[PDB]
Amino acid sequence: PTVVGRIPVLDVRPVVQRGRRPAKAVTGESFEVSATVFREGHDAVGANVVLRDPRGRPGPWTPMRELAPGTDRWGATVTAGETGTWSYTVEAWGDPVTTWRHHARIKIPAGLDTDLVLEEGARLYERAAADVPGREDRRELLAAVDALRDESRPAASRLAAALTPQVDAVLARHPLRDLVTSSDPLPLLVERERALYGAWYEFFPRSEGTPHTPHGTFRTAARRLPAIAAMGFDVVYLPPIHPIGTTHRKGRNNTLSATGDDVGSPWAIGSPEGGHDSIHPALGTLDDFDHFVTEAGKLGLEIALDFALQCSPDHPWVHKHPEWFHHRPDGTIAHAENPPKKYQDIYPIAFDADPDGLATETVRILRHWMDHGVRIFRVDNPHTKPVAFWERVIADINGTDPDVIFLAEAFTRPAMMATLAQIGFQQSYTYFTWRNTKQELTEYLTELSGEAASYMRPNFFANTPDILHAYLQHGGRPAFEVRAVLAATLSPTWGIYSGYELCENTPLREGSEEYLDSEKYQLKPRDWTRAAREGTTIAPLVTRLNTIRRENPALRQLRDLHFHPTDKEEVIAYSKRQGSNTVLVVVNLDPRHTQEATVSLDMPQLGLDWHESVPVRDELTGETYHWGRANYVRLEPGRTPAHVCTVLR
């Protein structure tokens, strides 16, 4: 038994961990299946992709083409349908009809062995007709056969009868395939739309309180939900909603000792009041939570809860399950770290004394919140827990509830980030916030939209409670507008942390990416009404970007992305396409100076000829333009961060 088949079909992609983990897609998402296909001798090959659904049913006829001359690399686009575990194969084959046509087209005008050549053509078309199911199609081919054999017609006429468009149509759909050879099937995990596409909004319920009761509840925080939905978001992500420890509770601005009314960090989970399956008593009850979830649902918002597998020193687990922690010789548990950051208010979990107990309890907790309508979890720092632990937990949860989405908050080295996605995380945080120059952005998104897209779905948060980039610090509102445009148009999933709209950008100190008076350690009431009235919010820009995304399919996918040359380092241009929808974006990365540039569009990449010019509408302003191979732009920060254009019919 040979490893290589009759007609070699090798190195089928996409592939994850040599086939041990599935490649990823979502419903309706297109992606390219490719392979290395060739044969011995000089005759032609063909190839096609067979995508099988969870019941094993093959999809449509999907012929491949060679992707570049001389490479023997073949590819075709396939589209994922319903959710579940799919599989795909590549089939390679001798293509004798293409070979014969190429030869016949030369030998017949030349008068070389024309009777022999034409009879050879007849015998091929006969064999082709054998595997054709439709009688009318069979007759079309038999007609070509009989004309090929009609020795009373001129040679050129006999040949032309075999090359009609009606003949071609039958053969494109039902080619004569010699020596059909398959690859072994590769697995494909198809998940719901929201795993790839969605806009995310993060906020702290406790900050949305009242004059008499500053600490918000689920009842009072539910009042933010309409504004969040009105901005076009689809997911609300909440920091931990559990009780917060008192022992070593942190004070305002990440100081070591809390005083008086200090609320502590939500990530210091657990107290006598309860742990990960409990509600912070100042937020209300489980019933209040259900109400909040119902109200979010009515507005088209899904809740994403923070899952942080760690404990305050006051968490029940500390005495109920001591072996879930590493104890030093004197009995103490060292507080967690993420150097040079220190987390004195929490203990990390130890996994090697009782991995089964931890896993059982972890999925019990997740299933608790799932029963209260939470189908998305934002997983805090998963790279500090064992990789195989997440693999097991996610397979367990998705085994009964495949719609549950896990988002990996792993800001770490590339190997770990990729692995966490590959072992099951539906979504990943990225390096987005640390990619701000044109080169950084171009390089990173080429990586994300390239091969990584077969296992990773990026969630572009333009800020988070722990990340205020110096770009925003130094650039002010024009920088906030640029990052929102970039995040919203470069990834099918993006997000902001509340306060981004107001352009909050005062850091803890120079050189830090922490906010001053961080909301992690104090209530932060914000005057939303005033900001709206005084126009000191970019909420209208955020709203518009999400509307443009909702209306343009090209912006709801990841893999089709192309960067176009510009003659200015500060100006970046790119396009994305999905079917007949084409979006073209031009961004001035300079938040402080006006930039004019020439944008030289890669026209064949837009599916246009170099001479052509197309109508475009800038969806940020309503202005229309006619663009071609080279277009002038002038972008004034404060007035215009970018052009976000749809190509018009």
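Counting begins at 1, following the sequence as shown. Basically, rigid core = biggest C-alpha set you can superpose within 1.5 Å across the two forms.
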Please pick 369 to 377 or 163 to 171, whichever has its Cα atoms farther from the shown form in 6 other deposited structures of this protein after a rigid core fit.
163 to 171
Can you check whether 411 to 419 or 97 to 105 lies farther from the displayed model in 6 other deposited structures of this protein, averaging C-alpha distances as RMS after superposing on the core?
97 to 105
Comparing 229 to 237 with 137 to 145, the higher average Cα temperature factor in the PDB entry belongs to 137 to 145
Which of 366 to 374 and 336 to 344 has higher mean CA B factor, as the PDB entry lists it:
336 to 344
Listed options 62, 34, 588, 621: highest C-alpha B factor recorded at 621
Checking the record values for 160, 244, 395, 387, which has the greatest CA B factor?
160
Among the chain's modelled residues, which third holds the C-alpha B-factor of residue 568?
highest
What third of the chain does residue 403 rank in for C-alpha temperature factor, lowest, middle or highest?
middle
In terms of the CA temperature factor given in the entry, to which third of its chain does residue 597 belong: lowest, middle or highest?
highest
So, residue 483's CA B-factor, relative to its chain, sits in which third? The lowest
So where's residue 557 on the chain's Cα temperature factor ranking, which third?
middle
